[PDB]
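Just the one chain here, laid out as structure tokens, in the form deposited without its partner chain.
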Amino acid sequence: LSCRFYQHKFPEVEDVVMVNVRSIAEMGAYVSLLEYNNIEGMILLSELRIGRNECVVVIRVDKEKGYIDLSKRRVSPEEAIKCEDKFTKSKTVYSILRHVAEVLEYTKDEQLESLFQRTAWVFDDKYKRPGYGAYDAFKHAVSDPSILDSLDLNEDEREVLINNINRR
């Protein structure tokens, strides 16, 4: 099962996003946005290795047309560090919830999405901080499990979530 990391299906213009470079063509490099369920972007040729993960900035989006244009050249080192850090934290949240889904034997992507919606994305929304919100709340749950009390979870879901958070 896959699912994106964050409530939104697309990044906002000016976001720095973690991508995997998939191929190189005349107009630029095609990449998969790792935080957004591997949707495709392009690093414009003017803004520029297959298989490498890189932090790039979102330059233009057109959801109707289907395009995401990106830039490597415009990412500052300080910006790359934050993106690597956000990505690791969010990926950890992802792995936790994916493990929760395995324990509960989810077979459908919507079950995993529903888990995110009722947990990580509640915290991301509560604190208006995508990625970090969920991560910080899950980490806090290690010492203060009550932070999960308000979530719309059944007893088993909660128990399995706490277990998987603890495993980390």
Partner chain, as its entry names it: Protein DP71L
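Residue numbers count along the first chain shown, from 1.
FYI, the form solved in complex with its partner chain isn't displayed, but the following is about it.
Interface residue among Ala141, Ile39, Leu44, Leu104, judged by heavy atoms within 4.5 Å of its partner chain in the deposited bound form: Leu44. A single residue from the set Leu34, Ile68, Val122, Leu112 has any heavy atom within 4.5 angstroms of its partner chain in the deposited bound form; that residue is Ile68. For its partner chain in the deposited bound form, the listed stretch (60-68, 96-104, 127-135, 112-120) containing residues with heavy atoms inside 4.5 Å is 60-68. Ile50 falls outside the set of residues with a heavy atom inside 4.5 Å of its partner chain in the deposited bound form. At the 4.5 Å threshold, heavy atoms of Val13 stay clear of its partner chain in the deposited bound form, well away from it.
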